[PDB]
Every structure is written in structure tokens, then in C-alpha cells.
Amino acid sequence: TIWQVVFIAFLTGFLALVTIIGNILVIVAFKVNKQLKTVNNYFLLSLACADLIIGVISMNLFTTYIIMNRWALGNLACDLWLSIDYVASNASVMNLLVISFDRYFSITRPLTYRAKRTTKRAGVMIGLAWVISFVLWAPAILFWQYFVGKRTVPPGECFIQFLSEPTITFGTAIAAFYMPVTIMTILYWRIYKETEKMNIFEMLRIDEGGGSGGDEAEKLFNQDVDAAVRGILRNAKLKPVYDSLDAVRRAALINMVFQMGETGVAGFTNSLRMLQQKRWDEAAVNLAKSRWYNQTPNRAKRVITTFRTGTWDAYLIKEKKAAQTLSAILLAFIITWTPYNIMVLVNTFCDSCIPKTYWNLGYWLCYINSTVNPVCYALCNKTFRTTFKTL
């Protein structure tokens, strides 16, 4: 009847406006606060921009197609709606690829990449995704009818003419969804696996606020760490403590020797004793009452935390969060787009087997991805939370 039609129009109109105010909030929070305009978050802006176009155009023009069961906007409006709903949506998956390649390189190649992540290169990548998404889709959706010599799409319906054949449709699905998904899947489990992945050389890097040095500076950094270890083994006061310490805590001791020298650390007689006796809690409290904790409270708090827990938990906070954000993003994308692309896979090997009802549901399911991504920002990043509160 029409009782369900009104109910459908209400729900579709709900998620549409939630998408708009959910993404226009991210854009405003990006414009005002200049502290959220980083490299990774600059890519999230492209997602918000794309999802905004979806929430205000795509999700509203596809609602009408279900209610009226016909397309009453014209042939020009049909081809433009499809161009909009595809170019912006294809750029939305290119961003996820860039975001995934942005994090994987920061983990696999930390020496010659992290120091190259500028706002310029991050602004160019976004431009290339919007342009390439336009070139691959817009001339195909708009101009294909003229190349053929007629319009296949009958009056009262709306679909892409060059994707009329399920075989062509399937191949597009592989290159535009199945391939990007498998790539991001491989990357994610290499980023999540290589989280710790945490040696002394990068431990000092974080504490110094240090940066990636040249190839020669890494050989010099090794020669300095090895010498720092040898100096500890020579030190009659440090050697019995170092030998009793485990690999993670050994590095923390080397952190102090790098900073204060062998003799400097040797003065921590009571704390070094508590370390060898493995009284971590008491050693943490004692080390937190020295000059060292007041001269450099940040570097000390992490080294002391390392002593207390025996883990790298004080040097992985931001990188773990980076993966948890990407996790929520890829999970929201691979769950809302998979059913449609599965149906593209199925429809390739049979005729009348997938009802138009499921095609509309599978199509609308991809739309809610534009609604979840803004929530994923405030569900992980605590900086997006405070910004939305100010707005």
C-alpha cells in the first residue's frame, strides 16, 4: 500500500539529513579549528565533501525513484545524477586507498616517507582522485548514448547505459571495488601487525621529537647506540642493572644514558637498585621525584612508564589510534558496499535471480556509508569530539 511508502519516505529523509549535518559539521570543524588541518585529516575532508554531495543529492533523488517508482526528472537530470553519484563515490574509494597508502608507508618505510608528508602532496592526491573519477565515469555516463546512436535507457527509468551488460558491470566492480578492498585489506593487516614493531632507535626518535635522518645518519645513530651499550657494560654500577633488565626496559635505560650519560644515570642508586630487584612501582615513584623528571617531564614520563609496565605502551599511543580509526573506516566501507558488489557478482552468472527490491536495498546500503564515516571521526579521534562541541 501507501502506508509503507510514507514510512519509507520518512526513514530515507532521516538518514539523508543526518548525512548532511554530519558532514557539514566536519567541514565547519575543519574550517574553524586550524589544528585539525593535518595530512591525514585533510584526506578525511575529501570524504566529507563527497559524502555531502551524496547526502544532499544522491540520497534524495534515489528516494524519489523508489516512491514514484519512476524517474520524473528528465534525461539530462538522470545522466547528471548518475555522474554525480558515481564520480563522487568513486573518489570516495580512491581516498580510502590514499589513506591506506598514507599509513602503510609510515609503518613500512619510516625513514624516507614520514618526513615527506606535506600539505602540498596531500592536496595534489585529492585533486587527482576527483579528476580521474570524473574522466573514468562522466564521459561514459553522459556521452555513451551519442556514441551508440540511441538511448537504451527507457523513459521512466534511470541507469547507466554502458553498464547495461552484467559482464561489463562485473569487470567494473572488480577494478573499482574488489581490487581496492583487497589492497586495503592487505595493508590493514600489515599496519595492525606492525604496530609493535618498536625498537630503541625509534624510541629515542619520539623522545627527542626527532626526525628521520639520512642513510648516513642511521649508521651514525647505530654507532652511538652500540657505544652507549658498551659504556653501560663497562660501568660497574650500571652493568648489574642492565643485565637484570629485559629488552624493553634495557632500551629505557639506554634512553637515560643517551640523555644524561653513563655517569649521570649511575647516580640513581636507589632507583637502579629497585630496577634490579624488579620493584617497578617503587622505582617509578622514585624516578618521578628527581631533577630528571622536572628538566624533561615528557621524555621522563615515557621512560618511567616503560619501566613500570615493561612494554612499549607509552610509545604506541598515537599509532594505535591511527589504526583504530582506519579500522572503523574500512569496516564501515567493506560492510555497506559488499552486498551490492556481491549482487553484481551473482547477476553476472544468471538472468532473473536478483529482485529489484534487493537492488534498491543494496544501493541504499552504500549510502549509509556517508553517514557512518562522520561518526567514525568522533568515535575514535578525541580531537574531532571537542571540535563538534564548539560547533
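Counting begins at 1, following the sequence as shown.
The stretch with the higher mean CA B factor, choosing between 317 to 325 and 117 to 125, is 117 to 125.
As the entry records it, the average C-alpha temperature factor is higher for 188 to 196, out of 295 to 303 and 188 to 196.
As recorded in the entry, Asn41 carries the highest CA temperature factor of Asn341, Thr336, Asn41, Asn347. The entry lists a Cα temperature factor for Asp281 that places it in the middle third of the chain's modelled residues. For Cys158, the recorded CA B-factor ranks within the highest third of the chain. Only modelled residues enter the ranking. When all modelled residues of the chain are sorted by CA temperature factor, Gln259 is found within the lowest third. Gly74 sits in the highest third of its chain by CA B factor, as recorded in the PDB entry.
For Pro110, the recorded CA temperature factor ranks within the highest third of the chain's modelled residues.
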